[PDB]
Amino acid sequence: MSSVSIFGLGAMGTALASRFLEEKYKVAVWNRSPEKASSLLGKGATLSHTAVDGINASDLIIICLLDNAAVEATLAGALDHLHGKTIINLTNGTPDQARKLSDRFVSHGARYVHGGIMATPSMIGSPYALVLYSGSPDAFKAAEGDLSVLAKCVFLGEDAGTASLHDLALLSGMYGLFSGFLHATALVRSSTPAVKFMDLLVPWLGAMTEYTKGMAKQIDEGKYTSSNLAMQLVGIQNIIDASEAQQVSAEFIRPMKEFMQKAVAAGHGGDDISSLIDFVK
């Protein structure tokens, strides 16, 4: 009934194409490595032998490649075919990269929206997958019926770079959590195995994730006033001292140490952890 053309059959691109094929769409695929990776022929995908063929296979083009440089290189010989196309670029990169690509594609007669896929491959099509989108609003509005088979859609405005800013923000959250998981699992390894420890760590991270809601309210009010910075810096020293005694690196908690120091210096020792928001500028 309707069509789509996908660029990239890594793990994420393979999941987007599978899902369009389950939902009975006509699907063209461009595969970097057809010699070793599946082109999903069995499920009904049609192989795009060149980038030009991939652009001519549909007016709706979904790009999922390793980086924004690989986007420019893959399409360099096909800019003349972009007139009247809608481009959805889900390739990971920076807001600046997305503003420059948007400008280039619009100059060739195309409309552009960028996306951040907030999901693993296996989550694609489940109610837990989310994609953030920004750029051409007419383009998003006409494509949303198709894009909603992958994931919940969140459009957050006309700047082609807003979506990548939110994506990188959420990933810097994830890397903090993973830093915590690693420091914690290492410190305790000598006494309890990782899987048994998860019985204590997972509920505690759920309780402290709930506590961050409270901290966000403090940041928007500008409150901060009431355990405080002063008592928490002695808490951090204990973790460091215990870390060295287990022969475990403390590098992961050193940045938070530095920010808590800079804040007591400017007289914040009686305020909460929310107060650090002005010191990370």
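The first residue of the shown sequence is 1; numbering continues from there.
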Please figure out whether residue 237 and residue 238 are truly consecutive in the deposited sequence or have unmodelled residues between them, and give none, 1 to 3, 4 to 9, or 10 or more.
none
Stretch with the greater mean C-alpha B-factor as recorded in the entry, comparing 270-278 against 2-10:
270-278
Entry B factor averaged over C-alpha atoms, 189-197 against 176-184: higher for 189-197
Of the residues 27, 69, 64, 61, the one whose Cα carries the largest B-factor in the deposited record is 69
According to the deposited entry, which of 31, 50, 227, 56 has the largest Cα B-factor?
227
Of the three thirds of its chain by CA temperature factor, lowest, middle or highest, which one includes residue 146?
lowest
Could you tell me which third, lowest, middle or highest, the C-alpha B-factor of residue 202 occupies within its chain?
lowest
Going by the entry, which third of its chain does the Cα temperature factor of residue 253 land in?
middle
Sorting the chain's CA B-factors, does residue 127 end up in the lowest, middle or highest third?
highest
Per the entry's values, where does residue 84 land by CA temperature factor relative to the rest of its chain, in the lowest, middle or highest third?
lowest
